[PDB]
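Numbering-wise, the sequence shown is residues 1 to 912 according to the numbering used here.
Beta carbons: idealized from backbone N, C-alpha and C, even for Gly.
One structure is given below, encoded as structure tokens.
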Amino acid sequence: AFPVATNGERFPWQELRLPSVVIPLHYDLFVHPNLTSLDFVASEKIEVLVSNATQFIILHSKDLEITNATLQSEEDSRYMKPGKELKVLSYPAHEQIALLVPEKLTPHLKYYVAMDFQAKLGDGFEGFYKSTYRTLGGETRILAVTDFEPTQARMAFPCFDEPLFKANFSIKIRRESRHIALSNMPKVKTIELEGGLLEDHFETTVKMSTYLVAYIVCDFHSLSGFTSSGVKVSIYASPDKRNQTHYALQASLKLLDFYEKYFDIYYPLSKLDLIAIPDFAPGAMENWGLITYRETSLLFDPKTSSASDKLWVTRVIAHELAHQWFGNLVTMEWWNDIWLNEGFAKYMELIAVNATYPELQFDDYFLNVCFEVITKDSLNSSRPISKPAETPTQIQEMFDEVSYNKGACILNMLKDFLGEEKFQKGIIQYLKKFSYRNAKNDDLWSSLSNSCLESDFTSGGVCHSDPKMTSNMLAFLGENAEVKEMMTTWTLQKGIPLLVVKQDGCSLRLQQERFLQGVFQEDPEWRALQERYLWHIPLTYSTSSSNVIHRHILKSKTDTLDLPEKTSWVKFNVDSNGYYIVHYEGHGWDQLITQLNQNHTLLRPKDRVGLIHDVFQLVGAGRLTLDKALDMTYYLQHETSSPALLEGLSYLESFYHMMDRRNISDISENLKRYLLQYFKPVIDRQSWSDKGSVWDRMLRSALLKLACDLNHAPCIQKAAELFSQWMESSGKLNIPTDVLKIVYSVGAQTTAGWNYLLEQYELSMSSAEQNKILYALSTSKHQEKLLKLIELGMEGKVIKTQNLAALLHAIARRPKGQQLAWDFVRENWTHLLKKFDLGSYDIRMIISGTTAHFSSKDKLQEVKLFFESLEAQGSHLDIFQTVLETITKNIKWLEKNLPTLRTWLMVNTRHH
Ligand SMILES: *[C@@H]1O[C@H](CO)[C@@H](O[C@@H]2O[C@H](CO)[C@@H](O[C@@H]3O[C@H](CO[C@H]4O[C@H](CO)[C@@H](O)[C@H](O)[C@@H]4O)[C@@H](O)[C@H](O[C@H]4O[C@H](CO)[C@@H](O)[C@H](O)[C@@H]4O)[C@@H]3O)[C@H](O)[C@H]2NC(C)=O)[C@H](O)[C@H]1NC(C)=O
Ligand SMILES: *[C@@H]1O[C@H](CO)[C@@H](O[C@@H]2O[C@H](CO)[C@@H](O[C@@H]3O[C@H](CO)[C@@H](O)[C@H](O)[C@@H]3O)[C@H](O)[C@H]2NC(C)=O)[C@H](O)[C@H]1NC(C)=O
Ligand SMILES: *[C@@H]1O[C@H](CO)[C@@H](O[C@@H]2O[C@H](CO)[C@@H](O[C@@H]3O[C@H](CO)[C@@H](O)[C@H](O)[C@@H]3O)[C@H](O)[C@H]2NC(C)=O)[C@H](O)[C@H]1NC(C)=O
Ligand SMILES: *[C@@H]1O[C@H](CO)[C@@H](O[C@@H]2O[C@H](CO)[C@@H](O[C@@H]3O[C@H](CO)[C@@H](O)[C@H](O)[C@@H]3O)[C@H](O)[C@H]2NC(C)=O)[C@H](O)[C@H]1NC(C)=O
Ligand SMILES: O=C(NO)[C@H](Cc1ccc(O)cc1)n1cc(CNS(=O)(=O)c2ccc(-c3ccccn3)s2)nn1
Ligand SMILES: *[C@@H]1O[C@H](CO)[C@@H](O[C@@H]2O[C@H](CO)[C@@H](O)[C@H](O)[C@H]2NC(C)=O)[C@H](O)[C@H]1NC(C)=O
Ligand SMILES: *[C@@H]1O[C@H](CO)[C@@H](O)[C@H](O)[C@H]1NC(C)=O
Ligand SMILES: *[C@@H]1O[C@H](CO)[C@@H](O)[C@H](O)[C@H]1NC(C)=O
Ligand SMILES: *[C@@H]1O[C@H](CO)[C@@H](O)[C@H](O)[C@H]1NC(C)=O
Ligand SMILES: *[C@@H]1O[C@H](CO)[C@@H](O)[C@H](O)[C@H]1NC(C)=O
Ligand SMILES: [Zn+2]
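This is the structure:
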């Protein structure tokens, strides 16, 4: 048959997508939450318009007791005040309710749908839920906060919980006298009810999707300032943490300005609120006018927050602010095109931080975003940027490295192609065109391809007003359709192309092929995954003679350009701005490496980190033996650009940790030696201080951490000295932030230090400190402590459970812990599920956070079996395949190149 209701009747409607016959225009929403009962009583009146006559209305509701349902109208006199009662049937399987009407409704007539509902405050990071913080005095205090994206709005009021059903919202909220209440838009009025309660009436909203509605009740304080635009920006936090909001304010004002100018679009609201929520699963959520954060994302305290931390805090404020346009002013049509929000937001981070905090050096850190997402696009299990999704759980999965980074990287790839100007003018022509409504994937390429430059040029020139037929316009319309084709290739093909370059004297044979990790070229598995995959890759290259940047658009599977000067080497994808790996056949890889050991300044600094990255990724592909990737780090002795230095190193440091976790002592013991010597010079220049530039500071941290993990006797001596000095000061002497984490994890290696550290985790007012303390706590050798941390996190009283996920991962990466963590997950999967949504980001990082590092044929089968057991019940996530392929990639990489690592390091000890 078809759906059956809770009362055992029927649902008029069978799909989980909603019906487009009734569409909502306005929500009168009223919420009265009682915070000492931990429940809420609410009501709502939805002005709807029906386009096609109907017998039944369909909404979403979940875990919501509905206790009254009427229908009124002022255009259809049958439902004239008071109005006839409706009868509701709940179909909990699609999270839908059906309101059933007495008489067929009239097309083109507005009705008001009214419901009273109630529920207990949720206790789990979604919906309208409870949250606790700690005061400085030791008091513990409660607030209630909403988190809705993507589909939990339906858990706090009945509604049409899809983006595109955009409406206006009117919120009134009732509160005790000791609380305040915030929501999306500033408060108009506060009427005093008679018992002493208060009713906050909020300015009603501009048209917006449901997942963005927010309300909060709490007792936070705030610092306020104004933009040059006239917005009141206010950072809200726990009373005692108010100090820590100053930089949030500083940066968000500067940023909100920048965004307004760059988009040519004012922020539409009158207020903008940043609040720091103590219990909060995401990094932060872009509620229009009321942005919510983990404290670690928004709060900054200078005695304890690191300079990296400030870069982080500046990044997420950049990101959420960008959503005000990309997300709220323009929302994706459906969750397939979620990258239309996140992709653009991740990218604006870069332009906006670079624009407003050049000192934060964020342009040298953006290649990590692409590099990370690349190692997941090197597997078959990867998806494309736009993929269909229908159930809640699929939608949540849609928020991943792909939706965020691949989207942000191909954007930055597009910009280099079109140029900042022509890119900005296409962005404005899109946010302006789709303001207050929705846009699908294609719409974005359309307005970015039909972008005009220098305004309209001459009004009556090359743009839409009274244009002039010229052989430029036929190539402008031709170049416009060229780019709309090329991008659509990037957005619907999974994976990332690898371009093969062969230099045969003035002749370069270009080949493209999907890049694949843990699969060789001579294999049965490889030429069947080269199915139909072909991209329009906009190439770039500089030769060894001239610094000229040539630019060709390869649209074929083979192609040949002609080199005129025919010189020493040729570096493709200059500055690395293009989403693709280049591998040189012949002596190409050999010419470039010698160039690095001779000068190395003959290749621009981005070219280098691209090479370093490209090189090692290609031994993952079998296309290069490991001794040519290691041979490159020899020039790091002279390397002066910190980015290249740190990429080089991490690769080396990855290996050391791969050698531990297994017992590969002799190799691990030699990596330790090839690092501590041969990078001794640079390590020895490092201050134990916060003095220097941002990359100076970052490199000190990176390096001093390296030597103290490798038991380098001096470093561990000095970090100990600072630690006991700190503890013998009862916290009176300050440790420089940049060695703060290193000192705690050196001190943690003893039960004293450790127990003092755990005791001060519970007393610290700086969640930046607490986070560093946790890491240190996690680095303990005893499995007694490690497990106590784990259980403390489950409880959620001492270590708040929002950290459990990340805690498990710190433990599992370290050898004395990888097993404990993996055992704990399997022995508790059911229990862990009651706390998190399978498909929540928290679950996906517990699953891959304890399995991804595995690299032996035995562990693989534990997992394939554990995953199989999960699938058996109501369970399935894409992370299952990606974990497997990754462990596989590691097994292959170990057995193909381990003897070469072993032998390379042995050789090096001979020559020096
Ligand atoms: C969430 O729900 C909680 C309860 O679960 C509510 O808290 C209660 O709120 C009600 C109403 O605000 C309170 O009820 C009133 O309490 C008075 C007693 O207060 C004493 O306080 C001091 C002690 O220092 C004495 O000096 C004083 O004389 C009292 O002994 C009663 O006397 C009240 O009755 C009289 O006054 C009212 C006020 O106008 C009149 O209407 C009556 O006719 C009557 O003459 C009244 O019963 C109750 O005390 C609160 N309890 C607690 C523990 O706080 C929250 O208000 C609610 N919050 C929200 C947002 O909904
Ligand atoms: C629901 O939200 C929409 C926004 O998406 C509201 O539309 C906006 O309505 C206002 C006022 O009706 C328009 O303001 C303008 O102000 C100047 C001031 O003098 C006036 O001269 C203009 O003629 C205009 O009214 C605004 O342009 C409009 N914006 C959009 C995008 O439509 C709508 O009013 C909201 N509905 C309710 C019931 O609140
Ligand atoms: C990060 O911010 C800096 C600061 O604006 C950006 O650098 C600037 O980029 C613009 C456009 O790329 C430069 O304009 C052009 O410069 C070249 C240099 O010769 C010139 O020939 C062109 O005709 C044009 O004037 C601008 O000069 C440059 N400023 C500086 C100080 O370098 C940078 O682009 C930003 N990065 C990103 C990724 O947005
Ligand atoms: C690796 O290649 C770079 C680029 O050629 C080398 O830097 C360059 O070194 C030469 C000297 O061998 C410099 O020449 C000098 O130029 C000044 C005027 O600019 C002139 O007045 C002097 O009499 C002298 O001829 C050249 O300027 C310099 N390039 C830059 C940008 O400063 C680098 O030294 C090479 N690495 C080596 C040789 O180890
Ligand atoms: O950016 C957002 N919204 O626009 C945030 C997440 C965020 C905020 C600031 C950042 O600098 C980066 C990411 N966000 C997602 C959701 C609902 N989906 S979720 O599955 O529960 C989930 C949470 C976090 C997820 C994540 C986190 C890193 C990478 C990939 N993914 S994914 N709510 N807020
Ligand atoms: C909703 O109503 C509209 C308009 O009454 C329907 O649109 C008509 O559909 C028929 C079907 O072939 C066409 O021949 C007409 O030309 C359409 N007219 C208009 C004005 O759109 C629509 O099919 C109805 N859909 C549902 C699901 O009820
Ligand atoms: C539903 O509305 C009617 C209107 O007369 C009211 O009497 C009734 O108490 C309401 N139900 C509730 C508040 O649960
Ligand atoms: C916050 O700033 C004020 C002003 O200097 C100071 O009195 C207070 O002690 C500060 N608190 C912290 C934790 O820095
Ligand atoms: C690779 O992915 C494709 C499409 O997602 C799928 O058909 C194929 O089964 C995958 N490879 C393997 C070995 O299963
Ligand atoms: C490594 O080898 C030594 C040699 O006996 C052994 O005692 C130790 O337990 C091994 N470590 C692991 C993790 O197997
Ligand atoms: Zn986002």
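The count of Cβ pairs closer than 8 Å, one atom from the stretch 170 to 189 and one from the stretch 218 to 232, reaches three, so the stretches are in contact. Taking the Cβ of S855 as the reference point, every heavy atom of ligand 10 lies at 8 Å or farther away.
A Cβ-Cβ contact shorter than 9 Å links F128 with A156. Burial is judged here by how many other beta carbons sit within 10 angstroms of a residue's own beta carbon; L136 has fewer than 16 and is exposed. Assignment of beta strand (DSSP E) within the stretch 352 to 420, counting only whole runs of 3 or more residues, yields no such run. For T106, the CB stays at least 8 Å from every heavy atom of ligand 7. In the structure shown, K889 falls within a helical segment according to DSSP collapsed to helix, strand and coil. Membership of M658 in the alpha helix (DSSP H) is indicated by the continuous run 642 to 659.
Screening all residues for a C-beta within a distance smaller than 7 Å of any heavy atom in ligand 7 leaves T67, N68, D116, in chain order.
For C218, DSSP records a beta bridge to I180. For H319, the uninterrupted alpha helix (DSSP H) run begins and ends at 307 to 323, by DSSP.
Sequence-distant partners of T210 (beyond 5 residues in either direction) whose C-beta falls short of 6 Å from its own C-beta, in its chain, are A153, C159, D161. Runs of alpha helix (DSSP H) with 4 or more residues, each lying fully within the stretch 548 to 613, are found at 588 to 598, listed in chain order.
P736 sits in coil when the DSSP states are folded into three classes, being neither helix nor strand. Not a single heavy atom of ligand 5 lies less than 8 Å from the C-beta of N368.
If only uninterrupted beta strand (DSSP E) runs of at least 3 residues are considered, none is enclosed by the stretch 723 to 776. Counting along the chain, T146 sits inside the beta strand (DSSP E) bounded by residues 140 to 147. Of the residues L253, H246, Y247, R10, the one whose Cα lies closest to the Cα of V233 is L253. Nearest to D690 by alpha-carbon distance, out of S701, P681, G753, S451, is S701.
Following the DSSP letters along the chain, one finds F263 inside the alpha helix (DSSP H) bounded by residues 246 to 263. Each of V574, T567, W726 was checked against the Cα of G588, and the nearest Cα belongs to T567. Here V231 carries a coil assignment [DSSP, helix/strand/coil]. At a cut-off of 8 Å, the beta-carbon of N438 does not count as near ligand 5: no heavy atom of the ligand is closer than that.
Of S542, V519, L774, the smallest CA-CA separation from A805 is found for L774. Contact between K555 and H536 holds, since their C-beta atoms are separated by about 5 Å, short of 8 Å. For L89, the number of other beta carbons within 10 angstroms of its own is at least 16, and it is reported as buried.
A residue is listed when its beta-carbon falls short of 7 Å from at least one non-hydrogen atom of ligand 10; in chain order these are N663, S665, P815.
Around the beta carbon of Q617, 16 or more other beta carbons lie within 10 angstroms, which makes this residue buried. In the three-state reduction of the DSSP assignment, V213 falls in the coil class, being assigned neither a helical nor a strand state. Within 8 Å of the C-beta of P163 there is not a single heavy atom belonging to ligand 5. Under the criterion of beta carbons closer than 8 Å, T146 and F169 do not qualify as touching, at roughly 12 Å. Across the set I879, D842, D823, the C-alpha of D823 shows the shortest separation from the C-alpha of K859. For the set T886, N287, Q591, the Cα lying nearest the Cα of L269 is the one of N287. Out of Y91, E44, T190, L35, the CA that lies nearest to the CA of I58 is found in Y91. Looking at the DSSP output, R697 bridges to nothing.
In the DSSP assignment, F202 forms a beta bridge with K187.
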